[PDB]
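[1] Here's a sequence, model it:
(chains A and B)
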Amino acid sequence: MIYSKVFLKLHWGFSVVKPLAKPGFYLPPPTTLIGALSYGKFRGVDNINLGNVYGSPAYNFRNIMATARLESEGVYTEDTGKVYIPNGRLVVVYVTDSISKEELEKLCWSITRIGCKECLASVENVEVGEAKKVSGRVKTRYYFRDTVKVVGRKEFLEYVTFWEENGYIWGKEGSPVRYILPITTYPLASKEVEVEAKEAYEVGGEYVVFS
RNA sequence: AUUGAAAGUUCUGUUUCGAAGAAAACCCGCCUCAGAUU
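    Numbers count the residues shown, from 1 in each chain, chains lettered A, B, ... in the order given. Okay, here it is:
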């Protein structure tokens, strides 16, 4: 199981509108991160024949694990929800085993935006390595699933609804999955939360929790 | 190529016309550059 870290500098912020008044999300979903990763290889094509229906040029990277977190302060504003965090930093962690280190690093250096067109984002540095799996009590900053238990004080937890990869095909709605975010609503920032969990990869001290 | 792909809240308008900081008032009343030298 290999892992990679990437540091992104944002220009003005990101904007992803909730499916189904147009409120937005607080942090990008894993689908957006996987698509941003896949952009490095599938650049220039917008419709590929999956075999039965044209749904997206991204239904092939669906088995890559990804998380992300903030490192600065920003504000969520509706005026079409947006998250303004100019000149901020975003740290993204990719954990997978499908491709070798070289391919993942090459695709990691090839990220241009997160969400819509305006949300450009530069790349400052990357790291590649091998991760280890543990199950003891850990402290994390990246968001995780709803089913994961919690030992600390419930003070900085929020609930959001994300979708699986099934939504990659047009004319179809993805399955709803609950997620827990360790975020302060105003102003936006990230806080550490201690969890027990069952699977957690050590990617440099900042343990990442998946289940 | 990411609930992503496609979208100008844009066009038109004077803060304008008029109204003396003006009239009265001494700086002024006394004081040696003076005694000695071819």
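[2] What residue in chain A comes nearest to RNA strand B?
    Going by CB to the nearest atom of the strand, RNA strand B is nearest to residue A:35 of chain A, at 2.4 Å. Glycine gets a C-beta too; all of them are placed from N, C-alpha and C.
[3] For that residue, the count of nearby residues, please.
    Residue A:35 has 20 neighbouring residues, counting by other CB atoms under 10 Å.
[4] Look up how far residue A:153 lies from it.
    Going from residue A:35 to residue A:153 by CB to CB, to the nearest Å gives 35 Å.
[5] now residue A:31
    Going from residue A:31 to residue A:153 by CB to CB gives 31 Å.
[6] who has more neighbours, the two?
    Applying other CB under 10 Å to residue A:31 and residue A:153 shows that residue A:31 carries more neighbours, namely 20 against 9.
[7] Is the more buried one part of a helix or strand, or is it coil?
    Per DSSP: H, G, I helix; E, B strand; the rest coil, the local secondary structure of residue A:31 is helix.
[8] and what of residue A:106?
    Following three-state DSSP, we place residue A:106 in the helix state.
[9] Now it: closest residue in space, sequence neighbours ignored.
    Counting by CB to CB, 6 or more residues apart in numbering, residue A:40 is the residue found nearest to residue A:106 once chain neighbours are left out, at 7.0 Å.
[10] Residue A:104 too?
    Residue A:104 sits nearest to residue A:4 (CB to CB, 6+ apart), 5.3 Å away.
[11] Residue numbers of chain A in contact with RNA strand B?
    Taking CB under 7 Å from any atom of the strand as the contact definition, chain A meets RNA strand B at A:15-19, A:29, A:31-32, A:35-36, A:38-39, A:42-46, A:56-58, A:112-117, A:163, A:167-168, A:170, A:172-174.
[12] Mind giving me the ChimeraX select for these, buried ones only?
    Here is the ChimeraX command that selects the buried residues among these (16 or more other CB atoms under 10 Å):
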select /A:15,16,29,31,32,35,36,38,39,56,57,58,113,114,115,163,167,168,174
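[13] so of the residues of chain A next to RNA strand B, which ones are in strands?
    With DSSP state E as the criterion, strands contain residue A:163 from among those.
[14] ok, now which ones touch residue A:68?
    Contacts for residue A:68 (CB atoms under 8 Å, 6 or more residues apart in numbering) come out as A:27-28, A:33, A:90-93, A:142.
[15] my read: the residue nearest to residue A:106 touches residue A:110, true?
    Yes: if you go by CB atoms under 8 Å, residue A:40 and residue A:110 touch, sitting 3.0 Å apart.
[16] Now the common contact residues for the two.
    Common neighbours of residue A:40 and residue A:110 (CB under 8 Å, 6+ apart) do not exist.
[17] Could you pull up the residues touching the nearest residue to the residue of chain A closest to RNA strand B once chain neighbours are set aside?
    Spatial nearest neighbour of residue A:35, excluding adjacent residues (CB to CB, 6+ apart): residue A:58 at 5.0 Å. Residue A:58 sits next to A:34-35, A:38, A:42, A:168 when contact means CB under 8 Å, 6+ apart.
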